[PDB]
Amino acid sequence: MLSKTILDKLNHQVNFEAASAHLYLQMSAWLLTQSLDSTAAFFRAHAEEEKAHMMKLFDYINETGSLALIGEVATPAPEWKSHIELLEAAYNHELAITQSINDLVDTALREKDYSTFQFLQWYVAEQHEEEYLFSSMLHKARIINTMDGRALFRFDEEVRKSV
Amino acid sequence: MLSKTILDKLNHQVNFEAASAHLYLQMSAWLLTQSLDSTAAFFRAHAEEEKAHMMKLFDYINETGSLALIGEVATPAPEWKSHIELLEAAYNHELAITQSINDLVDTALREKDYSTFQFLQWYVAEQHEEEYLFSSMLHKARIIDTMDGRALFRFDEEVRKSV
Amino acid sequence: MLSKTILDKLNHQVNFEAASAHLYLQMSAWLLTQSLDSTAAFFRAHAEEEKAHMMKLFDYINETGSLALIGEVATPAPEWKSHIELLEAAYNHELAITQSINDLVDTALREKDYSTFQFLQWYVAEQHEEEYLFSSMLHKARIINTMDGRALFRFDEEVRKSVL
Amino acid sequence: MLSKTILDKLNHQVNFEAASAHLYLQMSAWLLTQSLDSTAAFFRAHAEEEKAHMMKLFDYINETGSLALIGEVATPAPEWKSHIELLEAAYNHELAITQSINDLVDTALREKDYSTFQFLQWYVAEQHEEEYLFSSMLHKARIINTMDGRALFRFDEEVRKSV
Amino acid sequence: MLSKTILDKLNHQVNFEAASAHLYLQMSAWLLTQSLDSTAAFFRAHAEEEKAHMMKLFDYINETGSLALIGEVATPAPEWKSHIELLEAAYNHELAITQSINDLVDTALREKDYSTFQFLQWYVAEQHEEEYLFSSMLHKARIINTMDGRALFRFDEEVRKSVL
Amino acid sequence: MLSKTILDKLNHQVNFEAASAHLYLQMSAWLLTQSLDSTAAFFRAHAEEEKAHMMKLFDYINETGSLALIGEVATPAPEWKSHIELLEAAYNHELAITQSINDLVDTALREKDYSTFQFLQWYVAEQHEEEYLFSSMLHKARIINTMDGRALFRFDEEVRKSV
Amino acid sequence: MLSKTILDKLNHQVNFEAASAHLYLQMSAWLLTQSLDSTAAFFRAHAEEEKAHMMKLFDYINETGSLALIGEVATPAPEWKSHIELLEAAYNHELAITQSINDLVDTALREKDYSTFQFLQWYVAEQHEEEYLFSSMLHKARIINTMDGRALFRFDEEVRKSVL
Ligand SMILES: [Fe+3]
Ligand SMILES: [Fe+3]
Ligand SMILES: [Fe+3]
Ligand SMILES: [Fe+3]
Ligand SMILES: [Fe+3]
Ligand SMILES: [Fe+3]
Ligand SMILES: [Fe+3]
Ligand SMILES: [Fe+3]
Ligand SMILES: [Fe+3]
Ligand SMILES: [Fe+3]
Ligand SMILES: [Fe+3]
Ligand SMILES: [Fe+3]
Ligand SMILES: [Fe+3]
Ligand SMILES: [Fe+3]
């Protein structure tokens, strides 16, 4: 049932989600060497989310009667010079995942594979939540990197406690 | 992330939903002067539904990283000469909202903004329920405005009680 | 039953409360662009409070037999250059609402509309709580904007954890 | 502690509330001769409300150290030619009570008897609810007395069941 | 926000309620020397009520952004020659508190400080309850000071047991 | 039963505890004008503790058959130029209360009033808790007033969260 | 706040209670080599009590604003030739602790350090319980070391089962 062009892209996405999990594990490890334990925990937990994204694609492909393929996943050693450089990478990575999902949705629509189109709506929605999460965490890291910013956040925290 | 054309239309829709809430509040107030207390209660409750429609758009916009805008909302004083004229206005208003949502869906599809496209599906579905609700209430009002009609409804009520 | 002068002022207040809700929604949206998420949440929640103020007026008017009117509500785009400028605007706005309620109470008393006078006592009380809430939030923002102030609040927070 | 002018007016009000109870009992009895059983039940129940209004005044007076007086209460036999005439009489009677309460509030304010002023606010609020209740019931009775009106109410009842 | 004339009067009232608490504590102590243990307990408990009146004023003042002031409170040693003389003093003291609250209400109305006016309604209502309580206790003490009176109360107590 | 010298000192202490309550209320009020809301709450609550210390003395005196006297309590308006000056005043005030209790204990021992000696042990214990509380709060305020100090506390707070 | 003489004695006592815990642990270990398992358990559990005595002193000192000092604690290897010799050493050790507490109480009284005096009353009471516990255990060990004694205890045990 799946066309070869769609199958190859779905398998590419399986592999991409797998690579994301590994990337976020690797980030988690690096963060622990900086004593950023909560950020490390976030990336660890989020690696588990990427695994679930992977498995859901993997299952869809197999349910259609084609054979899902994991492929090669290569995770570069940690280059990152600061936590902000790492958060920029994470956010750009999530933008690239969104691009890949959008290309996939577009090609399903173009081939009139409506079944794959509707299956992918879950991912379109999930990537909105992902971009919000990662862009927001980056934005806050940049602000907290400044003294003026830390003062803003001190006021915001006062509002969280007081009202 | 949001294109300017889609942002301006989403903000237009925010403002439209806000205007709907105010419209239905105003209709409620007029209906009370006619002693149509249950219809008034329906329009009051439904103003709260429109507020929820508004907020959900407002949140989506803000989550994407753009700034949602409420704008100007102008509610004309009650012109209505009968409850049927009011129900016609409500139904036409809901048709216009559906038009506006469809235009928005169409333009997201055209720009390949699949994220906004999938976000809007909730509204497409909700507007089907809205049209059904308002058209049906109008149709009943027209029937109940005739003696033959009030006899039909008396039978239908007998069936509701008997079986 | 309601005199025209009181009706016009109650309908003005309906509209004013509606404009407050929108104003606070708009402030919430701006605050999110500054990553002030808790302050944004506070203004969002408070927009809901202003809606309740509106509805309560709206219902009173309708219960008396008159027709409540929503009117035009115009919310300017966000001008604000800082969170402090926004909190000043919010506080001044709340002072204006109080003024408007006081005028309304005064005119009910003058016309001997004792029914509207007593209905409004809820608002007089509520506006005392509103001014306290917003003035206090502004004051804390000004303090926290200074290093000496942040140190005071660090001590206060130590007291919240250690004793109270 | 109470001035003579205020005491005489509070006692007048005690008597006025007592007369209202008896008036509403008498109306209830008349309504039963017309087979208006639900309206009769409403007036019967409301006679009990007027008694509570009476007792609360009665107590306030006694708590201040003065002697509450019931006085003479005379209830005319039922003149009423229709249920609308009776509802008009009930509404006008409630207006008169409100007048009497307003005169009492005004005179407490004028004498700077702030204690009686604040005690009466309960009555000012209650009379707003009473006027709403009785005006609304009269309005509906007038509407339901016409065929056009009975058609409006049939639609309103449809809305109560349908939504 | 509070005018100086209203602030000064609210602070005066804070101080007056504080003095009441101390007065009633002192009365309690005297009553114990007369073996009037239940009356002593009543005054002791009531001192706690007066403290609550004080704190509620104190909080309002601070919430408006002004600074509440406790001031000097002087409690004279117990002069009282009988329990009736003490109950008279308590009743007159409550009459004076009512006067002071009425003056405060009147001045809030005159300045159109409707916020303080509505805040004070609680006190107007409470002072009605206080005058009822204290006048009634005094009246009973006077009656029970007579033979004829003790016979009336004996009948009233028989009704409390037999019927009510 | 109580000697005049012990009675006069116990009554002095009653008055001293009453003055402490009023002092702490006044400090609370001043602290609110500085937006130090938690510190204000602490002093407000602690005024209630002082009012308990007072009552316990007041009851003991009365139970011995003497007449407890409240006396004159004068609370100066708030002079304080900073929160540290206020805390210093509070701590010194607590040192003076301890001195007064000690003098009282010493004089009960000297007169062989063992009953008052043992009654006062509660206060000797309580004042140890009071001095610990107030000294510790003052010390932290002085530390937090320095940048080096704020850094120490940031570490200490990290230990509270981490372990 | 603490005088240098009282501090030095409270720290000495901290160290004395620490040495008691270690002493009783060491006694426990020796008793296990004699197969006196219950007596070993008692001393083990009691070492934990001595630790609590230590910590309570340690805390008091620190709360006053001085620095508590543990010092050197030296526990000799087990010399004991019999369980009775050990119980004698334990009892005498408890007598010495009591002496030390008394000296401390006496010095606090002399310096009019009433705060340390009242804190120490807990220990005075506790040491009464300790002497009772250890003297009684020694007394029983001496009795049970004789045949006449073992017969008395057999009767006492019969009373524990039959009546009490
Ligand atoms: Fe993913
Ligand atoms: Fe992702
Ligand atoms: Fe809608
Ligand atoms: Fe709609
Ligand atoms: Fe409002
Ligand atoms: Fe407001
Ligand atoms: Fe009534
Ligand atoms: Fe009535
Ligand atoms: Fe009071
Ligand atoms: Fe009082
Ligand atoms: Fe104290
Ligand atoms: Fe103290
Ligand atoms: Fe020990
Ligand atoms: Fe021991």
# chains A, B, ... in the order shown; residues from 1 in each chain; ligands from 1
$ interface_residues --of "chain E" --to "chain D" --cutoff "10 Å" --atoms "only C-alpha atoms" --output "number ranges by chain"
E: 98, 101-103, 105-106, 118, 121-129, 131-133, 135-136
$ residues_around --residues "stretch 20-32 of chain G" --least-positions-apart "2" --cutoff "7 Å" --atoms "only C-alpha atoms" --output "number ranges by chain"
G: 16-18, 34-37, 39-41, 43-44, 46-48, 50-51, 75, 78
$ residues_near_ligand --ligand "ligand 11" --cutoff "12 Å" --atoms "only C-alpha atoms and all ligand atoms" --output "mmCIF file with N, CA and C atoms, in the first residue's frame"
data_model
loop_
_atom_site.group_PDB
_atom_site.id
_atom_site.type_symbol
_atom_site.label_atom_id
_atom_site.label_comp_id
_atom_site.auth_asym_id
_atom_site.auth_seq_id
_atom_site.Cartn_x
_atom_site.Cartn_y
_atom_site.Cartn_z
ATOM 1 N N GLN F 13 6.365 42.565 84.454
ATOM 2 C CA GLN F 13 6.584 41.649 83.358
ATOM 3 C C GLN F 13 5.311 41.513 82.499
ATOM 4 N N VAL F 14 4.152 41.436 83.140
ATOM 5 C CA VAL F 14 2.910 41.475 82.399
ATOM 6 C C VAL F 14 2.903 42.652 81.445
ATOM 7 N N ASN F 15 3.218 43.807 81.983
ATOM 8 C CA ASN F 15 3.238 45.018 81.195
ATOM 9 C C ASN F 15 4.310 44.991 80.086
ATOM 10 N N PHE F 16 5.469 44.439 80.398
ATOM 11 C CA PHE F 16 6.568 44.305 79.433
ATOM 12 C C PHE F 16 6.146 43.388 78.245
ATOM 13 N N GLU F 17 5.465 42.289 78.536
ATOM 14 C CA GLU F 17 5.038 41.393 77.487
ATOM 15 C C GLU F 17 3.966 42.088 76.638
ATOM 16 N N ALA F 18 3.059 42.805 77.276
ATOM 17 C CA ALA F 18 2.064 43.565 76.536
ATOM 18 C C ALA F 18 2.725 44.586 75.592
ATOM 19 N N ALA F 19 3.747 45.271 76.080
ATOM 20 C CA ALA F 19 4.457 46.237 75.274
ATOM 21 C C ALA F 19 5.173 45.565 74.120
ATOM 22 N N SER F 20 5.637 44.338 74.324
ATOM 23 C CA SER F 20 6.278 43.594 73.243
ATOM 24 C C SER F 20 5.309 43.259 72.123
ATOM 25 N N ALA F 21 4.109 42.863 72.483
ATOM 26 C CA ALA F 21 3.120 42.573 71.484
ATOM 27 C C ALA F 21 2.859 43.793 70.620
ATOM 28 N N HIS F 22 2.678 44.925 71.265
ATOM 29 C CA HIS F 22 2.393 46.178 70.553
ATOM 30 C C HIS F 22 3.577 46.628 69.731
ATOM 31 N N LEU F 23 4.779 46.459 70.267
ATOM 32 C CA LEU F 23 5.973 46.754 69.510
ATOM 33 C C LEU F 23 6.025 45.928 68.232
ATOM 34 N N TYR F 24 5.736 44.641 68.325
ATOM 35 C CA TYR F 24 5.876 43.785 67.190
ATOM 36 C C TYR F 24 4.757 44.047 66.180
ATOM 37 N N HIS F 46 4.203 36.856 65.752
ATOM 38 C CA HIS F 46 4.922 36.856 66.997
ATOM 39 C C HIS F 46 4.295 37.779 68.043
ATOM 40 N N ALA F 47 3.579 38.803 67.611
ATOM 41 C CA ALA F 47 2.839 39.634 68.556
ATOM 42 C C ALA F 47 1.816 38.784 69.292
ATOM 43 N N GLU F 48 1.240 37.805 68.605
ATOM 44 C CA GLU F 48 0.309 36.883 69.225
ATOM 45 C C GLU F 48 1.004 35.971 70.262
ATOM 46 N N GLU F 49 2.244 35.579 70.007
ATOM 47 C CA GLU F 49 3.015 34.839 70.993
ATOM 48 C C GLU F 49 3.253 35.676 72.246
ATOM 49 N N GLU F 50 3.550 36.970 72.084
ATOM 50 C CA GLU F 50 3.813 37.817 73.227
ATOM 51 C C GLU F 50 2.562 38.022 74.052
ATOM 52 N N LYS F 51 1.410 38.083 73.389
ATOM 53 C CA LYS F 51 0.113 38.302 74.046
ATOM 54 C C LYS F 51 -0.103 36.948 74.885
ATOM 55 N N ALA F 52 0.300 35.770 74.397
ATOM 56 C CA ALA F 52 0.222 34.528 75.217
ATOM 57 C C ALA F 52 1.155 34.564 76.445
ATOM 58 N N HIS F 53 2.357 35.107 76.290
ATOM 59 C CA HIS F 53 3.282 35.205 77.407
ATOM 60 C C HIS F 53 2.691 36.084 78.458
ATOM 61 N N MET F 54 2.085 37.170 78.025
ATOM 62 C CA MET F 54 1.418 38.060 78.925
ATOM 63 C C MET F 54 0.330 37.327 79.719
ATOM 64 N N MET F 55 -0.542 36.599 79.022
ATOM 65 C CA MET F 55 -1.753 36.038 79.641
ATOM 66 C C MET F 55 -1.399 34.992 80.638
ATOM 67 N N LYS F 56 -0.315 34.304 80.375
ATOM 68 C CA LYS F 56 0.109 33.249 81.256
ATOM 69 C C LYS F 56 0.594 33.826 82.623
ATOM 70 N N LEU F 57 1.333 34.933 82.585
ATOM 71 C CA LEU F 57 1.719 35.689 83.772
ATOM 72 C C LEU F 57 0.497 36.238 84.497
ATOM 73 N N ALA F 90 14.646 44.567 67.748
ATOM 74 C CA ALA F 90 13.898 43.423 68.188
ATOM 75 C C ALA F 90 14.767 42.498 69.013
ATOM 76 N N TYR F 91 15.962 42.223 68.521
ATOM 77 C CA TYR F 91 16.883 41.388 69.260
ATOM 78 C C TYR F 91 17.251 42.010 70.626
ATOM 79 N N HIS F 93 15.542 44.098 72.346
ATOM 80 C CA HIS F 93 14.343 44.046 73.139
ATOM 81 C C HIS F 93 14.222 42.660 73.761
ATOM 82 N N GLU F 94 14.486 41.626 72.978
ATOM 83 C CA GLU F 94 14.403 40.254 73.517
ATOM 84 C C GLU F 94 15.480 39.995 74.571
ATOM 85 N N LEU F 95 16.671 40.565 74.392
ATOM 86 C CA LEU F 95 17.726 40.506 75.435
ATOM 87 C C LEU F 95 17.287 41.174 76.751
ATOM 88 N N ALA F 96 16.563 42.279 76.646
ATOM 89 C CA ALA F 96 16.057 42.979 77.802
ATOM 90 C C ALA F 96 14.949 42.182 78.483
ATOM 91 N N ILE F 97 14.119 41.483 77.698
ATOM 92 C CA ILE F 97 13.091 40.632 78.304
ATOM 93 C C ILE F 97 13.763 39.496 79.071
ATOM 94 N N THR F 98 14.774 38.892 78.469
ATOM 95 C CA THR F 98 15.511 37.865 79.158
ATOM 96 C C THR F 98 16.144 38.376 80.465
ATOM 97 N N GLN F 99 16.726 39.566 80.428
ATOM 98 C CA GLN F 99 17.275 40.164 81.626
ATOM 99 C C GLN F 99 16.219 40.298 82.725
ATOM 100 N N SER F 100 15.081 40.831 82.359
ATOM 101 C CA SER F 100 14.010 40.999 83.270
ATOM 102 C C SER F 100 13.517 39.650 83.888
ATOM 103 N N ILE F 101 13.447 38.597 83.070
ATOM 104 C CA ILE F 101 13.028 37.282 83.547
ATOM 105 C C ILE F 101 14.076 36.748 84.503
ATOM 106 N N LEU F 120 8.366 30.295 86.598
ATOM 107 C CA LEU F 120 9.145 31.054 85.660
ATOM 108 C C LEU F 120 10.075 30.236 84.766
ATOM 109 N N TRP F 122 9.381 28.015 82.650
ATOM 110 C CA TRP F 122 8.802 28.066 81.297
ATOM 111 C C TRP F 122 9.347 29.266 80.501
ATOM 112 N N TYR F 123 9.390 30.438 81.129
ATOM 113 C CA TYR F 123 9.891 31.656 80.484
ATOM 114 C C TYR F 123 11.373 31.618 80.244
ATOM 115 N N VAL F 124 12.130 31.029 81.158
ATOM 116 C CA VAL F 124 13.573 30.932 80.949
ATOM 117 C C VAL F 124 13.834 30.116 79.706
ATOM 118 N N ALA F 125 13.133 28.997 79.576
ATOM 119 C CA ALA F 125 13.227 28.143 78.370
ATOM 120 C C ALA F 125 12.745 28.874 77.132
ATOM 121 N N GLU F 126 11.612 29.550 77.230
ATOM 122 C CA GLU F 126 11.075 30.244 76.078
ATOM 123 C C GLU F 126 12.015 31.345 75.603
ATOM 124 N N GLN F 127 12.678 32.033 76.510
ATOM 125 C CA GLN F 127 13.549 33.129 76.093
ATOM 126 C C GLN F 127 14.779 32.624 75.394
ATOM 127 N N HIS F 128 15.214 31.418 75.713
ATOM 128 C CA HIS F 128 16.315 30.818 74.982
ATOM 129 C C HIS F 128 15.922 30.609 73.525
ATOM 130 N N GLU F 129 14.696 30.139 73.295
ATOM 131 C CA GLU F 129 14.157 29.972 71.947
ATOM 132 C C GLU F 129 14.028 31.324 71.274
ATOM 133 N N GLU F 130 13.612 32.356 72.021
ATOM 134 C CA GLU F 130 13.403 33.688 71.439
ATOM 135 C C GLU F 130 14.706 34.312 71.016
ATOM 136 N N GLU F 131 15.709 34.260 71.874
ATOM 137 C CA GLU F 131 17.015 34.786 71.504
ATOM 138 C C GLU F 131 17.615 34.060 70.294
#
$ residues_around --residues "stretch 144-147 of chain B" --least-positions-apart "3" --cutoff "8 Å" --atoms "only C-alpha atoms" --output "JSON, numbers by chain"
{"B": [140, 141, 150, 151, 153], "D": [151, 152, 154, 155]}
$ select_by_dssp --residues "stretch 66-132 of chain D" --states "helix (DSSP H, G or I)" --output "number ranges by chain"
D: 83-110, 114-132
$ atom_distance --atom1 "atom CA of residue A:11" --atom2 "atom CA of residue A:25"
21.4 Å
